[PDB]
Asks: 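Can you read through this structure? Questions will come right after.
Within every chain, numbering begins at 1; the chains are lettered A, B, ... in the order of the sequence lines, protein sequences first and strands thereafter. Order of appearance sets the numbers: ligands from 1, and atoms from 1 within every ligand.
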There are 2 protein chains.
Amino acid sequence: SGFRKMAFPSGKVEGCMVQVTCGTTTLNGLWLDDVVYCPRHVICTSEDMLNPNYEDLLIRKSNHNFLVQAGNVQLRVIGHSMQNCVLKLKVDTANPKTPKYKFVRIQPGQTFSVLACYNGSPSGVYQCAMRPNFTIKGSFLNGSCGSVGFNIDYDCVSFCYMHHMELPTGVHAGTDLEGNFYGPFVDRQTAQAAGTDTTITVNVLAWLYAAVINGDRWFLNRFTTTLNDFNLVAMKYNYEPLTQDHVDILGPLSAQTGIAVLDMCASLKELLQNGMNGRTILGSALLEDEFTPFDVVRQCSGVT
Amino acid sequence: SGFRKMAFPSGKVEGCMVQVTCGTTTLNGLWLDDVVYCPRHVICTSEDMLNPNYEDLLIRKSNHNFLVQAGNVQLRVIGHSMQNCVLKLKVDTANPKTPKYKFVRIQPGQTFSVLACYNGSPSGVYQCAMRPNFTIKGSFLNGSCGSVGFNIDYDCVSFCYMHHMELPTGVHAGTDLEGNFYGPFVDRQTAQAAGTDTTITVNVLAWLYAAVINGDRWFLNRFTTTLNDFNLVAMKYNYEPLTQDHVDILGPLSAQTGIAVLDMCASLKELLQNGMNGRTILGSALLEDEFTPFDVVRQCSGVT
Ligand SMILES: *CC(=O)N1Cc2ccccc2C[C@H]1C(=O)NNC(C)=O
Ligand SMILES: *CC(=O)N1Cc2ccccc2C[C@H]1C(=O)NNC(C)=O
């Protein structure tokens with residue numbers, strides 16, 4: 001028993017981290033097979049970031065201008081190309097530590113682990129969620145750019161995120177591993193306000209099921225609701241509308257606990273309308289939305 | 001910017017995890033150099049756990065009764081001994097993945113990362129604290145025993161915890177890597193109530209400094225206090241008494257932010273007396289005590 005915000009074991013990703021330097025700019029790269037992936041803004045100086053023309057900037061760069069260091073060993077760059085907002089540096093050596101991997105573009109509301117790195121060196125790992133507004137609330141200081149987000153299924157690492165920037169509000173924006181930004185963000189030092197950060201309703205319900213499984217049951221009530229009645233409450237509290245797809249993925253948790261999804265919705269409805277009344281659920285005094293139904297099942301069963 | 005409950009990169013520990021089986025009991029082992037460390041209750045059946053005589057049970061065991069598997073490869077056990085509550089299985093092969101390491105017995109209030117494992121396979125990593133009552137609030141299911149806690153300083157892993165059991169309250173107890181339990185707990189299936197779980201005051205203050213650094217400043221007030229006045233409040237709210245040693249370790253955070261430690265104590269005092277009033281600090285609606293002053297400095301500076 002016990003429920004924690006758990007990240008995936010980061011070992012498979014640590015072996016892929018490298019340092020990429022171009023001119024006086026240094027950031028993190030991801031070395032998989034004979035390619036190093038990094039944010040294209042490695043070619044920029046601070047002055048260039050105000051309004052960069054990446055195609056024009058990249059013309060003045062050759063393979064020898066990209067310095068790729070894997071710990072203490074230097075990689076020989078034999079090719080370079082830009083794919084959306086990422087640079088792909090072809091190297092002459094395949095990473096011997098390359099795990100089985102995929103590149104995936106995740107949906108908002110999905111969770112993943114971030115291996116925060118500085119100068120190609122891992123500093124920490126944490127679990128977070130792609131917010132419905134396509135930002136992430138991470139922990140990234142200068143030099144962390146190029147750090148990646150991922151999920152792991154037994155031996156396969158699905159890379160889903162590469163950190164590119166911090167909005168003036170302190171929230172984070174980045175791309176998938178094809179270099180396409182999540183959300184409307186551009187890799188330019190210009191104020192880009194993020195949209196409304198709604199709560200991921202299906203995740204809060206999954207976490208409420210995790211709480212019942214682990215003994216925190218005070219919030220269970222004698223009520224039920226309907227999808228449309230619950231969504232009237234969800235809209236008022238800036239929660240994402242719940243759909244039958246969300247109810248379906250909560251099915252295994254509803255079966256294990258014996259609590260119907262709409263009954264759990266009525267508990268959530270009352271929690272939204274009345275608050276916690278000074279109480280806690282799984283060590284939290286607010287409704288947690290960074291655990292997906294898959295994460296709850298995985299943790300509550302011990303999947304390795 | 002941003003502040004997250006970050007765990008250390010787990011790679012160095014993943015390479016040490018093995019599966020240890022004795023009879024019909026299977027748990028996790030830690031393979032460092034030519035020794036595998038695991039909880040001594042691997043020699044017990046469920047029936048033995050009610051009142052085990054480990055010395056008498058271990059007499060009926062030989063080296064060939066301990067099955068040690070590192071992924072898919074089997075290790076040859078050439079020696080076995082009991083040191084307090086851990087078994088040390090000498091194997092004929094040194095772990096090629098053994099990182100630089102130390103064994104440390106941590107103090108209550110200190111934090112560490114746990115690599116939750118099942119059958120020798122890592123499932124997740126999370127950061128937690130050794131509570132003042134010598135329990136940890138982890139996430140451990142059946143088969144997770146032998147999972148370890150650690151800290152990392154650049155290339156050196158300091159192992160500090162090995163999971164042994166769950167109290168009937170759902171909190172967790174374990175040993176240092178010399179097999180000595182933290183707290184008064186014994187490795188026996190008998191009700192062992194834990195003492196009062198107090199809040200780690202120095203950690204809450206460190207987290208309040210992390211919040212100010214990251215822009216959450218609403219809780220700063222126009223007041224100050226004294227160590228004795230603050231401790232009257234700390235005692236009423238089951239917070240650990242603050243000492244000049246605690247003030248001293250908060251010195252770098254007080255210097256960086258310009259907020260005197262006693263002024264931050266007066267903010268904490270008002271938060272204890274008035275609550276959060278429906279507000280949040282670093283995404284939390286309660287006062288977080290699982291970040292040490294060292295963790296806050298490390299994260300707020302980017303130590304790898
Ligand atoms: C790596 C990083 O932190 N960056 C890269 C980048 C990309 C796009 C626009 C601006 C920058 C600069 C920097 C930041 O995101 N830093 N803070 C800002 C611009 O708010
Ligand atoms: C590994 C494990 O979960 N254990 C080992 C152990 C050690 C000491 C006493 C009892 C047991 C059984 C088991 C538990 O801790 N499980 N739950 C209990 C006993 O509450």
Asks: Output the distance between atom OG (B:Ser81) and atom CG (B:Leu89), rounded to the nearest 0.5 Å.
Replies: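 Going from OG on B:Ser81 over to CG on B:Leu89, the span is 8.0 Å.
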
Asks: Is the backbone of B:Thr175 close enough, under 3.5 Å, to the side chain of B:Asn180 for a donor and an acceptor to pair up by distance?
Replies: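 Not at all, since once roles are kept as given, no pair shorter than 3.5 Å links the two residues.
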
Asks: Can you tell me if B:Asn63 and B:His80 form a side-chain donor-acceptor pair at under 3.5 Å?
Replies: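 Yes, side-chain donor-acceptor contact under 3.5 Å.
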
Asks: Mind listing the N or O contacts between ligand 1 and protein, cut-off under 3.5 Å?
Replies:
from: ligand 1; atom 1: 15 (O); to: A:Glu166; atom 2: N; distance (Å): 2.9
from: ligand 1; atom 1: 20 (O); to: A:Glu166; atom 2: O; distance (Å): 2.8

Asks: Give a yes or no on whether the backbone of B:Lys137 and the side-chain of A:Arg4 come within a donor-acceptor separation of less than 3.5 Å.
Replies: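 Yes; judged by distance alone, with no hydrogens or angles, the pair exists.
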
Asks: Should the pair A:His172 and A:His163 be assigned to parallel (<30°), tilted (30 to 60°) or perpendicular (>60°) ring geometry?
Replies: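 A:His172 vs A:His163 ring planes: perpendicular.
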
Asks: Quick check: closest heavy atoms across A:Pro9 and A:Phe150, and the distance to 0.1 Å?
Replies: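 What the structure gives for the nearest pair is O-CE1, 4.2 Å.
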
